[PDB]
Structure formats: structure tokens, C-alpha cells
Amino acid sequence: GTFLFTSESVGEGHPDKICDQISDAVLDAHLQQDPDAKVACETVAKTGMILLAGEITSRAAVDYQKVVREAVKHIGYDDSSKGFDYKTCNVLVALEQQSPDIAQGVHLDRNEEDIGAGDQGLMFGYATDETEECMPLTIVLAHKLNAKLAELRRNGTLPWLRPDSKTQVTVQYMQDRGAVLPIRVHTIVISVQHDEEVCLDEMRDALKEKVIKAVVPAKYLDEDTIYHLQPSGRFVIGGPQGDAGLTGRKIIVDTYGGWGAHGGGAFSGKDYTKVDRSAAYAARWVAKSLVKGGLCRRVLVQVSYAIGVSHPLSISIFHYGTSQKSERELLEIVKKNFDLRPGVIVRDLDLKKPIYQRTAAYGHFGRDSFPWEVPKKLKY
């Protein structure tokens, strides 16, 4: 019954993640002034460049140069020696208004509760009782390893660290009537950008002793655990200089690390009318409510929409065999307890609030008691 499963995460300075954080900094800047801003902000990052491309219709007056540079400063790219500098990079803007054809079909002259979905699409939510936060252990550990690197970089413990990092955790699991039980950590990968002076042995020793041991419980690590620490051997060039980044290129790191499923839509840079984000948050909320409500040990929820139509076209449930109730019965409970129209989700989950930049690194789920993380008490 044992099997392996692997998930990854990336740090705040990974170039794709930089783009997600900038897109969400732009969204938050608009929402701070105009709660009804229509935002679809894509970011591209390459050596010396941040480009904003997309569509925004808003009453806000946003200084894009300032917002982008402040987000890059927070990440830690503040000197040409690190490969990128917020003070001196190029910020290019190619932002236009939202298409009037989309606006008229989605939200113009519509009652807010009856606003149409901002696009068609499918979205999934997932939850698992294997951790208290209802997330897979593989991705929780991978995110915590990146957070630990950023913490040790920022506190000056490991001053050779730079912001760009990736981690990957393989866990050996057992299964119990469809539920999954972590046994041990089989393999860990960590790659992190570093300065020119530190040697490979110093980095590998620090990654094991100060990063892994500070994050992963000793009970999961044993003589057989495999460690791939700085496996490329050299990672001085990093950030956008090493690899072009784009918004919405870490959608599995943003969600469930290979567990569950994904409908394809990116989250960052989008206001609530874009169901790629709002309905995925609501689907997580449903899945977590079913698990915390004791109806399932783990569950996957699909929802789908048509552009301009408020009610979902379909809702579906997959409980992996972890409920005494059928998936048909769980779907009936979901339909009695939730209303997944985007104009209702916005109210339930407070989606006009400018908290989006906080979601754009370390996963959107299983952290900080955001509204989609607070289970709904179910009536049935």
C-alpha cells in the first residue's frame, strides 16, 4: 500500500513568482482606491525588465513605476551584484482598458449578485485531512523550505543566499480507505541562488543543518532519505537574468502540488469577476468545509462557468472513497450550502479587499486564515 508522491515550491525571487507578486501588487493598488476595478494584469520579467501587459478599467490613479519597484525591493533584488535591482531596472507598461465587448457581456448594467462569470472555464478545490491546515504534506514542506531560506537570507544568518530558490519534497505515504498517511520523507531537493564567494560544501552543509532540519520533523528523516542540495553545482546567475518569468506559470505551486486537479487558470493579477481565481478560492472553501465538517477525509470539487452567465454550469465531487456518503449525496449537501455565483462569492469571501499580494508566494491555500480557509458550518 505504500507509494511515493512529489511536490515542489519556489521562493519569492523565482522569476515566475516575481511576476505573480507584481501582478497582485498592481491589483491591490487598484483595489485600495477602486474596490470595483476590473484588472487582468500580466507581468513578464527578464534581465533588467519588468513588462506589464493586460487590461485594466479602474477609477484608481496608480503609479506603476512605484508599485512595481516597491514589490521588487520587498523580494530582495536591490543590487546589480544579485542580478536584478528595483532601483535601476526597466519598467515598461502596455496596459489598455478592458475590452468593451467583455464588459457589456459580463458586468455592465448587471446587479452585482447577478454579474456574469468573467470568462468560461473549470476550477477545482481540494482538501486533505493529512495536515491540520488540510493541505498535502509534500507541498506544505516544500513551501516551508522556501520560507526558511527567505528568513535566513533576511536575518543575515546565511548572507550568501539570494532570493531565487526552488524546493521539492517526495514523501512516502501509506493509504487507509482512500485517505493518505505520510510515513517519511524519501527525497528533498533544494536549489538556491548564491553569491560568488561561498563554496558548495558550505552551502550543502547549511542547507541540511539550518534549513532542512529547521523545517522537517526528524521523525520523517532517516539514513535512507536522499538529499539533492545545490544539485546543479553552481547557481550564481539567477532571478530574471537566469530564466524569463511570466505571471501564471506556477499554478500547481499556487494550489495543491500535483494532488487534486487543476482547471488551468492563473490566479494573480485578476479581480473577483475572473472566476479562475474567485471560483477556485470558493472550491477550496467547499472542499475544506467538507473535510473539517467530518464528511470526507479528502475531496476534490470541480465547478465550471460560461462567460456572462452567473450560475455555474456544473459542480462535481470526488471523495476518493473517503466518505460513507455517496458523491451524489455530498453534491446535494454542497448545493444546499453554497452559492457559487461570482457575485455571491465576492461577498462571502470579501474579494474586493486588497490582500492579494499576500497570496502570491507560498501557496494560496492552507495559510493565514483567509476567508476561503475558514470552514462553513454545513446544514444537512
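The first residue of the sequence shown is number 1, and the count goes up from there.
Mean CA B-factor, 301 to 309 versus 128 to 136: the higher value falls on 128 to 136. Judged by mean Cα B factor in the deposited record, 57 to 65 ranks above the other of 57 to 65 and 38 to 46. Across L141, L229, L181, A117, the entry's maximum B-factor at the CA atom is seen for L181. Across the options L221, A282, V253, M203, the residue with the most elevated CA B-factor in the record is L221. Looking at the C-alpha B-factors along this chain, the one for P240 belongs to the middle third.
In the PDB entry, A94 places in the highest third of its chain by CA B-factor. Per the PDB record, residue ranking by Cα B-factor puts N146 in the lowest third of the chain.
Per the deposited record, the Cα B-factor of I345 falls in the lowest third when ranked against the other modelled residues of its chain. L27 sits in the lowest third of its chain by CA B factor, as recorded in the PDB entry.
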